[PDB]
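Just follow the structure's listing: the first ligand is 1, and inside any ligand the first atom is 1. Labels below follow one simple rule: chain letters A, B, ... track the order of the sequence lines, proteins then strands, and each chain is numbered from 1. All values below were derived from every heavy atom in this structure, side-chain atoms included, with hydrogens, water molecules and symmetry-related copies excluded.
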Amino acid sequence: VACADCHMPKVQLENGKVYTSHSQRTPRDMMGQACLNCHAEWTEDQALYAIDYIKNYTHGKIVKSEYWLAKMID
Amino acid sequence: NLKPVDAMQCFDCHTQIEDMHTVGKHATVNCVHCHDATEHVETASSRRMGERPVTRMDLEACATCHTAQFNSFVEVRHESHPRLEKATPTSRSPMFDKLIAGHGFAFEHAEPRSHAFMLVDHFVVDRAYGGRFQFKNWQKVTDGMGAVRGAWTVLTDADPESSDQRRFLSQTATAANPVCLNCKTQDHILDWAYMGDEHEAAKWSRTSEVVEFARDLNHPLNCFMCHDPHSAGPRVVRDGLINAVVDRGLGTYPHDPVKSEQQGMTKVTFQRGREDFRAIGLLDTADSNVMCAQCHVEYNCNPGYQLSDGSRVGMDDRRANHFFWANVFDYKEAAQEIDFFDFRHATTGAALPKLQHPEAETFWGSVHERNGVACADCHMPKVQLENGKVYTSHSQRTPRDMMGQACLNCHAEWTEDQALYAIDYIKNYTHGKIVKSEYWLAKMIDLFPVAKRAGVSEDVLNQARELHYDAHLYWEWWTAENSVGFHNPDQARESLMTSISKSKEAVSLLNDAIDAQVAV
Amino acid sequence: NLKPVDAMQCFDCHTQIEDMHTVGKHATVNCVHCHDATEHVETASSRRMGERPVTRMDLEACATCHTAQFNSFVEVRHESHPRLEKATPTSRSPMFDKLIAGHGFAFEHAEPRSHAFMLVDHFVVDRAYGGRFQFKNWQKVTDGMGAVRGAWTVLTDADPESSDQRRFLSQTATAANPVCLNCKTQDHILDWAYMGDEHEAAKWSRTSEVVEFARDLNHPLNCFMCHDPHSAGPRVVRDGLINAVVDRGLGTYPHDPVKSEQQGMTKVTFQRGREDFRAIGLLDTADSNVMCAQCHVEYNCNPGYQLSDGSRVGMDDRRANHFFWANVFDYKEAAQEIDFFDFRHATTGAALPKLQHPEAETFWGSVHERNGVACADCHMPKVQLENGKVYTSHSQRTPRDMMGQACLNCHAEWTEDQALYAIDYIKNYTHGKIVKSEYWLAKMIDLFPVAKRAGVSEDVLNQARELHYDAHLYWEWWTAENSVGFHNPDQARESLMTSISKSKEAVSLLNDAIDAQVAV
Amino acid sequence: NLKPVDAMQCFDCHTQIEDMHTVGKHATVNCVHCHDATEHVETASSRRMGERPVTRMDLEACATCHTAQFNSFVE
Ligand code: HEC
Ligand code: HEC
Ligand code: HEC
Ligand code: HEC
Ligand code: HEC
Ligand code: HEC
Ligand code: HEC
Ligand code: HEC
Ligand code: HEC
Ligand code: HEC
Ligand code: HEC
Ligand code: HEC
Ligand code: HEC
Ligand code: HEC
Ligand SMILES: O=N[O-]
Ligand SMILES: O=N[O-]
Ligand SMILES: [Ca+2]
Ligand SMILES: [Ca+2]
């Protein structure tokens with residue numbers, strides 16, 4: 001998988017010549033193309049929930065790392 | 001990958017193309033994008049074609065550099081309900097079967113759908129080819145992209161081994177003829193002489209076996225129908241239109257000589273050997289009214305009969321390919337000028353015209369046309385982007401899908417709901433008058449058998465048949481015209497009241513004559 | 001609270017039930033869930049019923065352990081517009097009154113609505129019981145749960161003191177008879193002998209006073225119509241279906257002996273004393289095509305007449321309960337086999353068939369049926385849950401409400417809009433041919449009085465009446481069939497063009513004969 | 001309106017560009033879309049630039065033939 005697959009995927013058209021979206025942005029705006037064509041087992045909400053599980057967990061450790069860095073700094 | 005060819009060498013023999021190509025916005029676009037002329041260049045002289053070069057007619061030839069226009073063109077509007085028969089209580093012409101009896105449209109006449117399908121729909125409609133052609137299956141009806149790629153990628157022919165028009169299912173007709181195809185495709189643009197006249201250099205003509213012609217045609221609404229591929233400048237290619245506007249000197253706006261001069265057309269002819277062969281009409285401006293008038297007009301594209309003596313006018317006659325280029329109130333005179341009618345009504349025996357989608361001739365003189373508004377402004381507007389390069393939508397569809405761009409930029413005083421309400425007021429009023437026109441036409445039509453059987457004289461029946469022509473014209477214009485009055489509400493109103501007036505006159509005439517016969 | 005009974009003791013006398021119950025997925029489900037047999041067990045011998053045990057027919061008997069299936073079944077689809085008369089310009093058969101004149105459906109024929117209402121709607125439709133039964137008030141029309149709980153919880157009888165079928169309002173008919181009820185309920189499953197034949201052990205039969213029978217019936221579409229309550233295995237209980245498939249050896253798929261063998265039915269008969277009394281048909285597989293074919297077929301459920309001599313075929317005749325089990329092109333032969341027609345047209349005098357919702361016989365041979373797709377796949381699919389135990393939706397409704405499950409899992413190439421567009425292409429095309437078929441049938445019908453009055457011979461009128469039978473069959477199949485062509489678009493097309501062909505033949509015949517009479 | 005230039009004239013001194021341009025999917029795309037090299041061509045030698053040609057760096061130089069990519073990018 002490469003950055004473009006999640007961040008500037010091919011456009012899906014019922015009738016049209018396919019091109020590659022150049023709007024390089026979060027896959028949340030185009031989950032069908034960016035995630036769900038590959039993750040057929042998920043709905044959009046499930047895929048978003050999986051992203052958020054990671055981000056929430058990681059952000060929690062970032063905040064704790066900052067807490068401990070700040071305590072050391074002080 | 002494409003390799004560019006030496007255009008300058010082509011120009012040593014192609015001075016007309018040189019003059020167009022080098023001056024317009026395709027001056028940098030190499031011939032190899034649309035032609036394969038390698039063997040041609042090796043064998044031609046300025047006076048001998050040699051090997052015929054290939055010319056690409058596919059829309060993909062333009063889509064590589066103009067994807068937005070291509071994609072907006074091929075888009076299928078699923079809300080444009082498909083295969084929806086107009087002869088039903090819930091569509092445009094509830095009494096169409098009674099009124100049109102005797103004409104091939106009785107076999108099927110659906111509402112239009114998206115442009116991607118025009119060629120395939122022409123091929124599969126029940127009135128056209130005896131049911132010879134079908135989509136490969138009923139799923140393919142959705143595939144606008146496939147149809148654009150090529151009709152024969154999505155259709156089947158019931159009998160590839162024969163080329164005659166015949167019925168393959170009982171309730172079909174074989175009305176299609178080569179002229180039809182000129183408003184579905186221009187893949188034959190190099191194989192068809194102006195007007196479809198016989199020509200030594202034309203593979204196809206008005207008199208061709210339409211099934212054979214059909215098989216040679218692939219693409220709907222080629223992009224070059226409105227845009228010269230060499231100059232990129234605005235044009236039309238449809239012969240019947242150039243004929244009406246230029247050959248017949250009617251002008252682009254027959255009711256406005258000034259606008260005709262400002263927004264005119266220059267006929268450009270291309271020869272084969274020493275002989276004129278085909279023509280295009282370059283437009284002074286990018287005038288969509290005239291571009292759309294290549295097809296959205298009332299026309300002959302069919303055999304008919306002469307009003308004068310009733311004799312057959314066959315496909316060989318120039319009149320079989322004709323743009324009347326006349327509003328509804330000038331049409332009867334325009335038909336008399338070429339001495340032509342379409343069919344005899346099956347019940348009344350009246351000589352009748354068959355009207356087809358006269359959007360262009362209806363739009364003339366209307367408030368929007370008089371204000372310089374054109375088809376594209378309401379049906380293929382510029383796209384509005386918060387951030388982006390503007391282009392012109394090619395999804396030619398009802399303004400209801402893009403009211404901000406199609407109406408409300410101009411009508412700042414209205415909300416979308418208000419503008420829709422104004423549209424619906426016109427269509428509702430017009431449709432009620434259509435329905436009343438049909439009620440009265442049907443009442444007249446039903447009196448004909450009673451009258452004939454009661455012994456009413458031929459003279460009285462002929463008087464009623466003359467009234468039928470008028471009643472019919474002044475009604476059918478509006479079921480044929482796609483805006484349900486919107487394009488010219490006052491004209492529709494005046495015409496439909498005229499229809500009803502004529503029908504009522506005929507009803508009175510017949511009832512009185514029947515009553516007089518009974519009283520004897 | 002329920003107390004379990006000794007099933008083993010029941011089995012000392014009920015060996016058929018033992019063989020079903022102990023082997024299937026209801027082996028642990030105690031009899032007390034659906035029977036009260038206390039006094040029965042105290043009084044019975046293996047050869048004498050003794051006190052009749054109670055058998056619960058209410059759907060709640062299943063809803064305690066199968067709430068999801070029950071709840072999805074009872075759900076009211078409010079978008080299935082209620083009491084919507086088909087004989088109107090905006091519904092299925094705009095000219096139905098003219099075409100069906102002479103038949104009880106002229107008094108009312110609404111579009112179907114949700115299954116919860118089938119029994120109450122049968123009772124209150126204007127054609128059924130002379131308007132005897134009504135909802136208690138006009139609010140109760142919404143109450144699907146109430147109707148399922150019991151028809152008589154939501155209906156009133158205008159005259160509980162009489163049991164005869166009569167008109168209570170002028171524009172009603174009394175077409176209901178006991179056979180009807182077999183496609184509304186099976187509450188009478190233990191009180192009705194196979195086919196509704198007279199039987200000493202049957203309280204009800206084809207010849208019963210239908211008003212008395214009606215009062216004894218409560219529940220729509222009992223869950224056990226498709227599921228044996230003892231084995232829980234798939235079955236049908238409808239006698240006319242078992243008769244067609246098994247007794248008449250037509251098979252579950254008359255056009256496919258292989259599929260008939262793989263997906264077959266085993267008739268199981270239950271006796272009363274020494275005598276066969278009732279039967280069920282166990283299915284080899286959970287084949288919804290055959291389960292739904294218990295009711296969604298063309299049938300006799302009514303008296304009629306013999307084609308041969310015109311004599312009355314009354315409810316006492318087995319032919320009054322008949323599944324033709326024939327596609328539209330085999331129907332005329334199937335009706336000739338039993339020497340039967342339904343009514344004489346009020347205007348033409350033609351002997352005519354009355355067709356009813358032949359979804360099953362239409363579906364045969366269609367592309368989906370040939371691919372092993374079945375009613376349930378499009379009309380009661382498995383539910384898709386992000387997290388949950390899958391079950392089968394029992395809300396038997398249009399796939400438009402659940403396109404992901406009903407269509408798009410299979411048709412991965414389509415969006416919902418594309419799939420809807422494909423449906424609409426078929427229904428639009430089919431409906432336009434229905435409307436044209438009606439136009440031509442109506443034109444023929446209107447010629448009959450003119451012809452009769454003009455002195456056209458009985459021989460010519462009879463020729464036209466024979467054509468009327470065909471024109472009618474090949475049209476009415478498609479107004480009766482609920483998919484508007486979707487279930488078999490090519491068949492619909494072929495049939496409707498045949499209808500129009502026949503009507504046109506009759507119109508020509510009559511106009512020529514009328515014209516010849518006038519010319520004399 | 002753009003007038004094409006003779007790329008062969010450029011290629012005589014620009015072998016690397018020739019090898020890239022003639023082979024790829026821009027083989028038909030004339031230099032004038034992105035360069036104004038008229039005075040450069042009159043003044044360059046095989047090793048000295050002469051007058052510096054203009055090279056368009058704006059994204060609109062690609063947007064006329066690739067509107068969809070450009071518009072999705074700028075959104
Ligand atoms: C398998 C899919 C996937 C791949 C491949 C991927 N990304 Fe991401 N990226 C994500 C997701 C999910 C997020 C979080 C977006 C959100 O929460 O809205 C993200 C976030 C980002 C963001 C921040 C987006 C914003 O709006 O905040 C950037 C920048 C980014 N990725 C760049 C890249 C780069 C560069 C690559 C390739 C090296 C890459 N991504 C590959 C899925 C992917
Ligand atoms: C960050 C790198 C990047 C930039 C900058 C970029 N693109 Fe692309 N472009 C891509 C990728 C990735 C693809 C898809 C390649 C593939 O998957 O085959 C692509 C594909 C294309 C294509 C091929 C057709 C298609 O859509 O797949 C065109 C034409 C194109 N880009 C034009 C442009 C234009 C015009 C711009 C400036 C508006 C631009 N690109 C800027 C990365 C880029
Ligand atoms: C030696 C002179 C000459 C050369 C050079 C030349 N052509 Fe032609 N071309 C002709 C002639 C002659 C015809 C036929 C005109 C006629 O029918 O009278 C023709 C016809 C055509 C046609 C129309 C064929 C048809 O289907 O009717 C096309 C397209 C065309 N040329 C393209 C090109 C291209 C592109 C080049 C450069 C790669 C080229 N020609 C170079 C002489 C030439
Ligand atoms: C190799 C790329 C390419 C091809 C292929 C191509 N065009 Fe163009 N087209 C251009 C360019 C570049 C312009 C000029 C853009 C500008 O200057 O705004 C242009 C301009 C146009 C214009 C605007 C002309 C004007 O005067 O405003 C139209 C219309 C057009 N092309 C139509 C077409 C048609 C129709 C086809 C297919 C027959 C086609 N093009 C094929 C590149 C191409
Ligand atoms: C080559 C002939 C031709 C040209 C030029 C043409 N049309 Fe059409 N148009 C058709 C045909 C044919 C259909 C019906 C297509 C079908 O039913 O498959 C149609 C359908 C339509 C529709 C209905 C689309 C829908 O969603 O149902 C509209 C709106 C329309 N045309 C507007 C226009 C406009 C505006 C123009 C000028 C920009 C134009 N047309 C130019 C032939 C043409
Ligand atoms: C003057 C151009 C023109 C001619 C020639 C032409 N059409 Fe059309 N046709 C149109 C336009 C515009 C529409 C869309 C508007 C409408 O349907 O009213 C259309 C729509 C159609 C449709 C789709 C709607 C329907 O009626 O079912 C079919 C099919 C069709 N034409 C078949 C034919 C046949 C067959 C012929 C030759 C007998 C023919 N056309 C000739 C312009 C033309
Ligand atoms: C029925 C006539 C018609 C057809 C066919 C047609 N166009 Fe256009 N085209 C127009 C009109 C009208 C405009 C806007 C002209 C104006 O207002 O300046 C336009 C504008 C354009 C432009 C100029 C840039 C823009 O978007 O304004 C291009 C490029 C173009 N069209 C490409 C195409 C392509 C590619 C096709 C085939 C998919 C096509 N056209 C088919 C009528 C047509
Ligand atoms: C380019 C500007 C423009 C466009 C776009 C436009 N209008 Fe108009 N419209 C006008 C003007 C100017 C008038 C005449 C105003 C006056 O004379 O008071 C008018 C008149 C009308 C009328 C009176 C119509 C008649 O024929 O008598 C109606 C209704 C109307 N517009 C609705 C609409 C609708 C709905 C749309 C979108 C489909 C639309 N207009 C798009 C400018 C526009
Ligand atoms: C002593 C033998 C015997 C016993 C034990 C027995 N049954 Fe029966 N049952 C019969 C007979 C005999 C009939 C009538 C069969 C016939 O009509 O010939 C009958 C009929 C029935 C019926 C159908 C009644 C109808 O409406 O037609 C049901 C239900 C039933 N039994 C349930 C049960 C249950 C449950 C049990 C155990 C609690 C049970 N029986 C135990 C002998 C027995
Ligand atoms: C006391 C609980 C209970 C009652 C009451 C009940 N069932 Fe069941 N049913 C079950 C159980 C337990 C299963 C087996 C579940 C499993 O194994 O997947 C089952 C299975 C089924 C099945 C699936 C059978 C198969 O072979 O796949 C059907 C169909 C069914 N029941 C129908 C009904 C019907 C209809 C009724 C009302 C006549 C009913 N059940 C009443 C408990 C009950
Ligand atoms: C072979 C099974 C079967 C028979 C027997 C049967 N019906 Fe129906 N009935 C159905 C089906 C299936 C529907 C839903 C489909 C439809 O309406 O087309 C239905 C629908 C109805 C409806 C609701 C729609 C309407 O027509 O108003 C009524 C009322 C009705 N039936 C009454 C009756 C009457 C009265 C009889 C006996 C004269 C009868 N049914 C016999 C299967 C049957
Ligand atoms: C018209 C026939 C029919 C009726 C009546 C019917 N079902 Fe079903 N039932 C089915 C079909 C079809 C299935 C799915 C069988 C399969 O595909 O395996 C099913 C499956 C089931 C299952 C198995 C679990 C599941 O959901 O797949 C149960 C339990 C069940 N039904 C209960 C009931 C209940 C309770 C009722 C009464 C509310 C009922 N059924 C009425 C046709 C019917
Ligand atoms: C269980 C899979 C499945 C289901 C569910 C399904 N289809 Fe199909 N459908 C098929 C297959 C397989 C074909 C035949 C494909 C082929 O032969 O190319 C087909 C054919 C069709 C056709 C051609 C129809 C004909 O009778 O000629 C249409 C239209 C269609 N499907 C639409 C739908 C719609 C709409 C739905 C949902 C109501 C649906 N399908 C549900 C598998 C399915
Ligand atoms: C005069 C028109 C034109 C110009 C200007 C243009 N291109 Fe292209 N581009 C093309 C054509 C034609 C193709 C080939 C399309 C095809 O064969 O699919 C192409 C192909 C591409 C591709 C796909 C290449 C591949 O190997 O798949 C990319 C990426 C691309 N161009 C980027 C750009 C960039 C970035 C610019 C601006 C620096 C640009 N183009 C300017 C016409 C143009
Ligand atoms: O039927 N095409 O006007
Ligand atoms: O009217 N029930 O088929
Ligand atoms: Ca005409
Ligand atoms: Ca019947």
Side-chain angles (χ1 to χ4, degrees), chain B residues 2 24-30 33-34 56-66 69-70 76-77 79-83 110-122 125 147 182-186 220-234 236 238 286 288-296 357 359 374-376 378-380 392 394-399 401 482, chain C residues 2 24-30 33-34 56-66 69-70 222-234 286 392, chain D residues 1-2 28-29 33 63-65:
Chain B
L2 297 181
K25 293 191 196 297
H26 279 174
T28 68
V29 179
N30 193 264
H33 282 281
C34 307
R56 285 182 60 183
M57 307 303 180
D58 57 284
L59 290 71
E60 294 96 335
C62 313
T64 38
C65 297
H66 301 299
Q69 291 85 359
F70 176 84
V76 172
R77 180 170 187 269
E79 302 77 9
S80 289
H81 305 311
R83 207 77 186 244
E111 292 189 21
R113 61 169 176 161
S114 299
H115 273 162
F117 297 109
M118 56 177 67
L119 184 59
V120 295
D121 286 352
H122 163 77
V125 72
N182 288 274
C183 286
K184 312 303 166 193
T185 183
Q186 284 292 148
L221 186 49
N222 310 66
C223 298
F224 57 78
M225 293 195 66
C226 299
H227 300 301
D228 186 83
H230 303 116
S231 66
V236 301
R238 182 58 154 96
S288 62
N289 291 330
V290 174
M291 288 173 180
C292 304
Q294 298 182 84
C295 305
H296 285 267
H357 45 61
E359 283 86 50
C375 313
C378 300
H379 291 293
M380 51 165 296
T392 301
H394 282 56
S395 187
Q396 282 108 14
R397 61 172 67 194
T398 170
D401 287 10
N482 279 278
Chain C
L2 297 181
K25 293 191 196 297
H26 279 174
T28 68
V29 179
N30 193 264
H33 282 281
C34 307
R56 285 182 60 183
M57 307 303 180
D58 57 284
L59 290 71
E60 294 96 335
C62 313
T64 38
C65 297
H66 301 299
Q69 291 85 359
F70 176 84
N222 310 66
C223 298
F224 57 78
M225 293 195 66
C226 299
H227 300 301
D228 186 83
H230 303 116
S231 66
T392 301
Chain D
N1 288 351
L2 296 180
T28 68
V29 181
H33 282 283
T64 45
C65 298

Measure across [X] and [Y] and return the closest heavy-atom pair with its distance rounded to 0.1 Å.
X        : Y        : value
B:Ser288 : B:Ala376 : OG-N, 2.9 Å
B:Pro220 : B:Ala147 : CD-O, 3.7 Å
B:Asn289 : B:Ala374 : OD1-CA, 3.1 Å

Near atom 8 (Fe) of ligand 4 (cut-off under 2.8 Å), count of protein N, O or S atoms: 2
Out of all atoms in ligand 5, which are within 4.0 Å of some heavy atom of [X]? Include the element for each.
X        : result
B:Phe117 : 18 (O)
B:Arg397 : 29 (C)
B:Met380 : 38 (C)

Test item, B:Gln69 contacting ligand 4 (heavy atom, 4.0 angstrom): no
Taken in chain and number order and not counting sequence neighbours, the residues that satisfy ring pair (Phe, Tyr, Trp, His ring centres under 6.0 Å) with C:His26 are none
Mark the output for B:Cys183 as yes if a heavy-atom distance to ligand 5 is under 4.0 Å, and as no if none is.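 Per 4.0 Å heavy-atom rule, B:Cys183 contacts ligand 5.
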From [X] [atom1] over to [Y] [atom2], what is the distance, rounded to the nearest 0.5 angstrom?
X        : Y        : atom1 : atom2 : answer
B:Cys183 : B:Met118 : SG    : CE    : 9.0 Å
B:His379 : B:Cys292 : NE2   : SG    : 8.0 Å
B:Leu221 : B:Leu59  : CG    : CG    : 7.0 Å

Ligand 10 atoms in contact with C:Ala61 (distance to a heavy atom under 4.0 Å): 5 (C)
Proximity winner for atom 23 (C) of ligand 5, if only heavy atoms of B:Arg113, B:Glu111, B:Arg77, B:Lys184 are counted: B:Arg113
Return the option from B:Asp58, D:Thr28, D:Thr64 holding the heavy atom at the smallest distance from atom 16 (C) of ligand 4.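 Looking at heavy atoms only, D:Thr64 sits closest to atom 16 (C) of ligand 4.
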Expected output: side-chain [X] to main-chain [Y] donor-acceptor under 3.5 Å:
X        : Y        : value
B:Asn222 : B:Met57  : yes
B:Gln294 : B:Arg238 : yes
C:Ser231 : C:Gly24  : no
B:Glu359 : B:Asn482 : yes
B:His227 : B:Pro234 : no

Considering heavy atoms of the protein only, find what lies nearest to atom 12 (C) of ligand 4 and give residue, atom and distance to 0.1 Å. D:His33 CE1, 3.7 Å
What protein heavy atom is closest to atom 26 (O) of ligand 5, reported as residue, atom name and distance in Å? B:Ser80 OG, 2.6 Å
Can B:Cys375 and B:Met291 be said to form a side-chain contact (heavy atoms from CB on, under 4.5 Å), step by step? CA-CA 9 Å; B:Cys375 313; B:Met291 288 173 180; over 6 Å; no
Step through the shown structure and confirm whether more than 12 heavy atoms of other residues, nucleotides or ligands are within 6.0 Å of NE2 on B:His33.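 More than 12 heavy atoms, drawn from other residues, nucleotides or ligands, come within 6.0 Å of this atom.
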With nothing but distance in play, are any N or O atoms of B:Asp121 less than 3.5 Å from an N or O of ligand 5? yes
Passes side-chain contact (heavy atoms from CB on, under 4.5 Å), B:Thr398 versus B:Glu79? Steps please. CA-CA 10 Å; B:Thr398 170; B:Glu79 302 77 9; over 6 Å; no
Which protein atoms of type N, O or S are found under 2.8 Å from atom 8 (Fe) of ligand 5? B:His115 NE2, B:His296 NE2
Could you walk me through whether B:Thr185 and B:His122 satisfy the side-chain contact (heavy atoms from CB on, under 4.5 Å) test, starting with their C-alpha distance in whole Å, then the side-chain angles of each, then the deciding distance to 0.1 Å, before giving a yes or no? CA-CA 10 Å; B:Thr185 183; B:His122 163 77; over 6 Å; no
Have a look at ligand 5 and work out which part of B:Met291, if any, has a heavy atom under 4.0 Å from it: side chain, backbone, both or neither.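 Backbone only.
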Taking non-hydrogen atoms only, is B:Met225 closer than 4.0 angstrom to ligand 5 via side chain, backbone, both or neither?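 Near ligand 5, B:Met225 shows its side chain, while the N, CA, C and O stay back.
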If we count only non-hydrogen protein atoms and require a distance under 4.0 Å, does atom 33 (C) of ligand 10 qualify as touching the protein?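 Answer yes: something from the protein, a heavy atom, is under 4.0 Å.
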4.0 Å heavy-atom contact, C:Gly233 with ligand 10: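 The answer is no: ligand 10 sits nowhere under 4.0 Å from a heavy atom of C:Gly233.
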Sequence neighbours excluded, the answer for side-chain contact (heavy atoms from CB on, under 4.5 Å) partners of B:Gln69 is B:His66, B:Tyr391, B:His394
